[PDB]
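Letter by letter, the chains look like this.
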Amino acid sequence: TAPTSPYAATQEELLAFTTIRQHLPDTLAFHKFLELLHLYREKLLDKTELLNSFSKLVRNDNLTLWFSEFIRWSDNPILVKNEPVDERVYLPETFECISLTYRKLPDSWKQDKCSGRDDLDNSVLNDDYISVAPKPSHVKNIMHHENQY
Amino acid sequence: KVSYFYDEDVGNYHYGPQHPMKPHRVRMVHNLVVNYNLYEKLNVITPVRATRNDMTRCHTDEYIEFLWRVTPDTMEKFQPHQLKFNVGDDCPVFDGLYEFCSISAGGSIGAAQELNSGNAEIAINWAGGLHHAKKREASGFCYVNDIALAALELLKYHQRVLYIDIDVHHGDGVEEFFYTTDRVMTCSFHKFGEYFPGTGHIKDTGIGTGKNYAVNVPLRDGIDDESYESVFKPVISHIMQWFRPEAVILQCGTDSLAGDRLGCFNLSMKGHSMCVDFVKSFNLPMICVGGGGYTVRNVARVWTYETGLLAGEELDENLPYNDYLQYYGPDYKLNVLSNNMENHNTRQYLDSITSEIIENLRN
Amino acid sequence: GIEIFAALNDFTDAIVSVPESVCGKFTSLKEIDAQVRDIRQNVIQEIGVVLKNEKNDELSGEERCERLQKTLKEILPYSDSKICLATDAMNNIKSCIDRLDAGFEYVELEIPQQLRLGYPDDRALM
Amino acid sequence: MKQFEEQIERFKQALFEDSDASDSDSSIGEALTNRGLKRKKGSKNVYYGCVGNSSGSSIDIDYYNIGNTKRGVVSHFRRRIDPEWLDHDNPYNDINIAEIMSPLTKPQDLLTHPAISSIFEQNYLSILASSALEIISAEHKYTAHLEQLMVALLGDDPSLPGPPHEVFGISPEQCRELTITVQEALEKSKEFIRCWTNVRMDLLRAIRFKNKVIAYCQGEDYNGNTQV
Amino acid sequence: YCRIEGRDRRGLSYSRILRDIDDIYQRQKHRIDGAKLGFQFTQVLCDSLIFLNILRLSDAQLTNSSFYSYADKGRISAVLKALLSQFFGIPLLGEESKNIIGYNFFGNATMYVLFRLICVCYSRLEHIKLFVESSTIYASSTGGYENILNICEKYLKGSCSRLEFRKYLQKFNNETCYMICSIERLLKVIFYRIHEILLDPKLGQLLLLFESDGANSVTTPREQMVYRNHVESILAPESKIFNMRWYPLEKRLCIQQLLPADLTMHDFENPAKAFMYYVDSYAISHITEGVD
Amino acid sequence: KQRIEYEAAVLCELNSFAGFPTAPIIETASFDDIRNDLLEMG
Ligand SMILES: [K+]
Ligand SMILES: [K+]
Ligand SMILES: [Zn+2]
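Every chain's residues are listed with numbers counted from 1 in the order the sequence is written; these need not match the entry, and residues without coordinates are not shown. Chain labels run from A onward and ligand labels from 1 onward, assigned in the order the entries are written. Only a portion of a larger assembly is shown here, and every reported value applies to that portion alone. To obtain the side-chain values, all non-hydrogen atoms of the structure were included, while hydrogens and water were left out.

- Per the deposition metadata, cryo-EM was the technique used to determine this entry, at a resolution of 3.20 Å.

- Per the PDB entry, chain F goes by the name Transcriptional regulatory protein dep1 and belongs to Schizosaccharomyces pombe.
- According to the record, the entry carries the title "Cryo-EM structure of the SIN3L complex from S. pombe".

- Going by what the PDB entry lists, chain E is known as Paired amphipathic helix protein pst3 and is assigned to Schizosaccharomyces pombe.

Some details on the overall build of chain F
Consideration 1: The number of helices and strands found in chain F is two helices and zero strands.
Consideration 2: Each principal axis of the C-alpha distribution contributes one length, and for chain F these read about 45 × 25 × 15 Å.
Consideration 3: Per-residue burial for chain F yields a buried fraction of 19% across its 42 residues.
Consideration 4: A total of about 3,400 Å² of accessible surface is found on chain F, and carbon and sulfur atoms cover 61% of it. Strands here mean DSSP runs of E at least two residues long; helices mean DSSP runs of H or I at least four residues long; both are numbered from the N terminus. Partly exposed residues are those whose accessible area sits between 20% and 50% of the maximum for their type, while under 20% is buried and over 50% is exposed, using a 1.4 Å probe and protein chains only. The Shrake-Rupley method, run with a 1.4 Å probe sphere, supplies the accessible areas, and residue values consider only the shown protein chains as cover.

Regarding the packing of aromatic side chains
Consideration 1: Put simply, two rings from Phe, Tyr or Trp (the six-membered ring, in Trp's case) pair if the centres are within 6.5 Å, and we call them stacked under 30 degrees between planes, edge-to-face over 60, tilted for the rest. Per the stated rule, a full pass over the model turns up 57 aromatic pairs over all chains.
Consideration 2: Between B:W126 and B:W303, the ring centres sit 5.1 Å apart and the planes meet at 5°, which makes this aromatic pair stacked. Of this pair, B:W126 sits in the loop between strand 3 (122-125) and helix 5 (146-154) while B:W303 is found in helix 9 (residues 296-311), placing the two residues 177 residues apart along the sequence. Just as B:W126 is buried, B:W303 falls in that class too.
Consideration 3: Pairing B:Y324 with B:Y327 gives two aromatic rings, centres 6.2 Å apart and planes at 75°, and the pair type is edge-to-face.
Consideration 4: Taking relative accessible area as the criterion, B:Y324 reaches 16% and is therefore assigned buried.
Consideration 5: An aromatic cluster of three or more residues is present, and its members are A:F17, A:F30, A:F33, A:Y40, A:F54, A:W66, A:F67, A:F70, D:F4 and D:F11.
Consideration 6: We call a charge positioned over a ring when the NZ of a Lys or the CZ of an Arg lies within 6 Å of the ring centre and within 35 degrees of the ring normal. Lying over the aromatic face of D:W85, D:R80 brings its terminal NZ or CZ to 4.4 Å of the ring centre.
Consideration 7: Geometry around D:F120 places D:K210 over its ring, the cationic atom sitting 5.9 Å from the centre.

Looking at unusual backbone geometry
Consideration 1: Omega for the bond connecting B:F196 with B:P197 falls within 30 degrees of zero, at -5°, which places this linkage in the cis form.
Consideration 2: With respect to the helices and strands, B:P197 occurs in the loop between strand 5 (184-191) and strand 6 (214-219).
Consideration 3: At the junction of B:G329 and B:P330, the peptide bond is cis and its omega measures out at -5° in the coordinates.
Consideration 4: A positive phi angle is found at A:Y7, which is not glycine, with a value near 40°.

Here we look at empty space enclosed by the protein
All names here are of chain E.
Consideration 1: The way it works is a 1 Å grid over only the protein atoms, where trapped points that fit a 1.4 Å probe form a cavity and open points with protein on both sides within 12 Å along at least five of seven lines form a pocket, and then any residue with an atom within 4 Å of a point lines it. Grid points are joined across faces, edges and corners, and a volume is the space filled by probe spheres set on the points. In this structure, the largest cavity encloses a volume near 170 Å³.
Consideration 2: Taken together, 18 residues form the lining of the largest cavity, with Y155, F165, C181, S182 and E184 sitting closest to its centre.
Consideration 3: Of the residues forming the lining of the largest cavity, the biggest block, four residues, is contributed by helix 8 (residues 162-169).
Consideration 4: Across the lining of the largest cavity, the residue classes tally to 11 nonpolar, two polar and five charged. In this classification, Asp, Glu, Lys and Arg are treated as charged, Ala, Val, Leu, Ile, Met, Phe, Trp, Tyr, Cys and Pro as nonpolar, and every other residue, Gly included, as polar.

Some details on the coordination of the potassium ion (ligand 1)
Residues and elements named next belong to chain B.
Consideration 1: The coordination sphere of the potassium ion (ligand 1), as far as protein atoms go, consists of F178 (O), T181 (O) and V184 (O), spread over 2.6 to 3.0 Å.
Consideration 2: For the potassium ion (ligand 1), the donor residues sit on a single chain with the sequence spacing F-x2-T-x2-V.
Consideration 3: With a relative accessible area of 4%, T181 lands in the buried category. Water is absent from the atoms considered, so a metal site may look incomplete; donors are defined as N, O and S atoms within 2.8 Å of the metal, or 3.2 Å for Na, K and Ca.

Details of the pairing of strand 4 (residues 252-258) of chain E
Residues and elements named next belong to chain E.
Consideration 1: In terms of burial, strand 4 is a largely internal element, six of the seven residues being buried.
Consideration 2: Only strands joined by at least two bridges in the DSSP assignment are considered to pair. Taken together, the seven bridges between strand 3 (residues 241-247) and strand 4 define a ladder with antiparallel strand orientation. Residue pairing in the sheet places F242 in a bridge with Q257 of strand 4.
Consideration 3: Hairpin connection of strand 3 to strand 4: four residues between the antiparallel strands, including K251 at a positive phi of 55°.

Focus: the interface of chain C and chain D
Consideration 1: Residue-level contacts link 52 residues of chain C with 55 residues of chain D.
Consideration 2: Note on definitions: buried area is the accessible-area loss of two parts on being combined, 1.4 Å probe, summed for both. Roughly 4,800 Å² is buried in total at the junction of chain C and chain D, and carbon and sulfur atoms are behind 78% of that figure.
Consideration 3: When a carboxyl oxygen of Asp or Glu lies within 4 Å of a side-chain nitrogen of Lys or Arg, that pair is called a salt bridge. Our count for the contact surface shared by chain C and chain D stands at four salt bridges.
Consideration 4: A salt bridge links D:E139 to C:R40; the shortest N-O distance between them is 3.2 Å.
Consideration 5: N or O atoms within 3.5 Å of each other form a polar contact, as long as, within protein, one can give a hydrogen and the other can take it, and as long as residues adjacent in sequence are counted only when both atoms are side-chain atoms. In this assembly, chain C and chain D are joined by five residue pairs in polar contact.
Consideration 6: Of all the secondary structure elements, the ones that give two or more residues to the side of chain C that touches chain D are helix 1 (6-34), helix 2 (37-52) and helix 3 (63-107) of chain C.
Consideration 7: In terms of residue count, the dominant contributor to the side of chain C that touches chain D is helix 3 of chain C (23 residues).
Consideration 8: The residue inventory of the side of chain C that touches chain D, partitioned by class, reads 32 nonpolar, nine polar and 11 charged. What makes two residues a contact is simply this: any of their non-hydrogen atoms within 4.5 Å.

Regarding helix 4 (residues 61-70) of chain A
Consideration 1: Restricting attention to buried positions, one finds in helix 4 of chain A the residues A:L63, A:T64, A:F67 and A:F70. Angularly, the buried residues of helix 4 of chain A cover 125° about the axis, an arc narrow enough to put them on a single face. Residues A:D61, A:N62, A:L65 and A:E69 are exposed on helix 4 of chain A and point more than 90 degrees away from its buried face.
Consideration 2: Residues of helix 4 of chain A that are buried make contact with helix 1 (11-23) and helix 3 (47-58) of chain A together with helix 1 (2-16) of chain D.
Consideration 3: Here helix 4 of chain A starts with a cap whose side-chain oxygen sits 3.2 Å from the backbone nitrogen of A:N62, and that cap is A:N60.
Consideration 4: In the stretch just after helix 4 of chain A, A:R72 is the one whose phi turns positive, near 60°. Arc definition: it is the arc formed by the directions from the helix axis to the C-beta atoms.

Let's talk about the arrangement of the chains
Consideration 1: Between all 11 pairs of chains that are in contact, chains C and D come out with the most contacts.
Consideration 2: Considering only C-alpha positions, the minimal separation of the non-contacting chain B and chain F is 13 Å.
Consideration 3: Where chain E comes nearest to chain F, the C-alpha atoms are still 18 Å apart, and the two do not contact one another.

Quick word on the interface of chain D and chain F
Consideration 1: Of the residues lining the interface, 19 residues belong to chain D; the matching set on chain F comes to 19 residues.
Consideration 2: Together, D:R71, D:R79 and D:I97 form the three largest contributors to the area buried by chain D at its contact with chain F, with a combined 38%.
Consideration 3: For the pair chain D and chain F, the interface holds one salt bridge.
Consideration 4: As a salt-bridge pair, F:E7 and D:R71 come within 4.0 Å of each other at their nearest N and O atoms.
Consideration 5: Where chain D meets chain F, there are five residue pairs in polar contact.
Consideration 6: Of all elements in the fold, only strand 1 (64-66), strand 2 (69-71) and helix 2 (97-100) of chain D reach the threshold of two or more residues within the side of chain D that touches chain F.

Focus on a nonpolar patch on the surface
Consideration 1: A cluster of nonpolar side chains, contributed by E:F275, E:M276, E:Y278, E:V279 and E:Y282, occupies part of the molecular surface with about 530 Å² of accessible area.
Consideration 2: Relative to the elements of secondary structure, E:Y278 occurs in helix 13 (residues 271-284). Exposure above 30% relative accessible area and no salt bridge define the residues that can form patches, which grow by joining like charges within 9 Å and nonpolar side chains of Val, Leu, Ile, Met, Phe, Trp and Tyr within 5 Å.

Okay, here's the thing in structure tokens:
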């Protein structure tokens, strides 16, 4: 039988919306209502302003409440915090270069210890040079993966 | 008399929902080794899980302890510290991470200890060889860098080690580990350009007393068996002439085959196994680890072939009925082919880089 | 009326279900079986030298049996693994085959005679 | 009112829309970074280090609820009727689901139906049964010797009338330990065989039924062989 | 095959074409890198038989499609023939004035896309012919290019399948010869555009207007400007214009995109000529051309 | 047989209209059954 699309319109909501249009005395009021919905879709119409115009077109309180319940409206102080990222995620590219990719380390980073190192590994392993890969900036011809079989 | 390390648990781990890296592939390999009756020609061992004191000779104790304490359901207190250690997006946190790291690193250190004590010449750890993980952060699907630990173990008895790398990506963790020493020489054959990890330039050949003792072979798209052979045999031969290694760590990544998920080469099973043949033919102590490989049917078949050929046997062409047989349809053969992808290496280019390398190696 | 072949359509699913259980178990066996063969050949040679008592006479019968005793003690933990795997496989295949058998009992009923006994003239009967 | 239903569903989808999304039709190729090219269909998976981008915008899945269960779907290769797309661009072209999943309805169809015939051409039972025999035989070569030693140690050996500890000089306190361990070993080795034999005999029952059916659904094309 | 075909199909998308031309135009208008205004697409169409080859392939494929009823095949074939002959002038000291007057066509996005497709098809066919002739292996045959044409003819009617097609193509070993298979895709897009024009009721006058301007000798501005105002009026108030100009002397096709207040003729050899054309525009043109 | 016959129609329709269906989803138990199980375990 027929398939239900994702987030498809349910029967209760379609019923309620057609009763909303019916309470709206005119097809012009219904068209204005579609205009409200579309302008909210096109990022020119706010949420609360949609609710306000909806109420000033429906002039009915319970339908305003049903809308505010369907719109999922919630008035709370929107909190925006700005947290910087940890120094170690970008600091490498301020280090005095040695070659294209290997950059000398600063003394504050040669100050943590590996506890299982014996006298051999303190003379074979590399301690003060990192490998800072290069960073694209503005790539402007992107390749795709074309083989679809 | 080939030591073959394999822990039964490693095939039960799981990186994430749609991640490309599946340790399960290793299990598939074993499931063809058993049904190919290679179980009897190999000295099969079970690795001793590496402790925490074993893993912090390369890495830092802070990073290793973070790996120890973290947990996928109690990382609401670690979530701040997550990306300080590069963990989280393509190196996720999953259930049982530290166990998997200990399994792989323990396999590698065990192989090195087998070779040290004459108990064999060739060792195999198909579930190790993660060359991207750095000293203080994860990097590109790898958390602990077992190969550096294997080499740090080998260097107790042997005097000069050679690390050969035929993963299409560059082996940056290993190269950066031993970049200022002459006792280990790294050699990589990697696609270069707009590619991960973006290092590996033909002028990066070590510092300090490590000068000239690294080798980067920056190839290009579409390379195939003959060109790869033509650039692989000369450089390897001159390294064995002039460096005189005593131990060989061969990294056998298989994302350099034709059809891979994240690869851009055109090798095939013959083109890939030529490298194992040629490096084996020098009669040296040889550890032979795994690596990349993200199309798992290819990885299984190729690694099975290379094990049957490292032992000395001649496996059939057809495939023996096993549990993962239907992964290999519709042909069911141990062969991995190549496609008509167009090469991008003009002969003049290959010869130019080969001559530059060899002229570097004369010191 | 006209008959669907429900049984003949389930038969083809049972016939596929059968091999998988035992597939896993067979491989798990081959491993164990292959890490025990040297000890078994040891045991066979030992029993032979102890039972002939006249063909390989280089021993002290008190020790020739302490060796056999130790070797038998070594092989004991493998027999338990084999027994667990054999009982698992037995149960799985038992259920699957009960299903397949119950099916074939019916698929032989809703199939026309001429399709399993031939036409009443393609029978020699001298 | 179908257009009105489509409008209501579209408005519901707009409300449903996530806080952060990808609007541009072009997806991010390999591209190894997101700077500049955010809002590019998959740029949340990309950053500085970014081994690659495994998920392309061609395997993306859309869920549709039917009855009580939701079924995902690959919706990049829909009909999407347009000038640019040819039929042979579709990987799943000419994969007929209606005839792969269809029932038999006719016995002889067993030999022509695509999927079923691909099923009666596997010989996985004939491999497993022979593997079972190969496994039983080595075990039995071991059990026979254990059994001979047992009848010797108990004493029911026609060719050994004396006391068993004498015939191979050992203390009568060593013979009891030996007999105990031999008994355990023999009993376990017999049990394994008794189970594996049932496994093998049921595999053989399956093989017998399969061949009987292959021979029934051949009518007058019955030449003795039944290798599909 | 996959890289070529994927890059191809990803190239000839309606919106992608429009966005390309729009980006170039926007870069000109503001002189970002010193680039001044003018033409945004230029290309030379030398041969006259290649167009008949394209017509042949088109009719071959059109007899074997399944979207259109019996009459739309005739309609679309006719429309393609007409727009080929009329515009491109392909046969289906007192005479140079023609070759000095560039013929003008004004249309909307559909027409621009149609003409971009046709130029692409022409370019690929011509590159094919040149490579068959100059390359000294398959040129040695009498009609290797012609053999290719006949094979494609065969295939497009349903007389040959795609496997033989591709394996035979593999004989050339050439990506340049890989480019022959794309003709089916290009033709499908073209037929679609043309059909959506035949249902576009505003089409008629448009092409009719084209017919009208195929009769003058050498135009004075006012005629072209009132033509352009006609076209700009026939569309809704929002639309753009696309100008396609044909130089039969050089046999060159040039394309540009014009918004309300844009210059149609960019080059004036003396300020008096410029003032003349302006005053004419101020007189007739709906909005003065050349004003900021 | 009835269940297979229903699923075939569902998938052919979903094939024509929306896309090509992937493998059946692996989902949890029902809400009712989870409830009853937590009960009898409680
Ligand atoms: K080095
Ligand atoms: K490499
Ligand atoms: Zn790799």
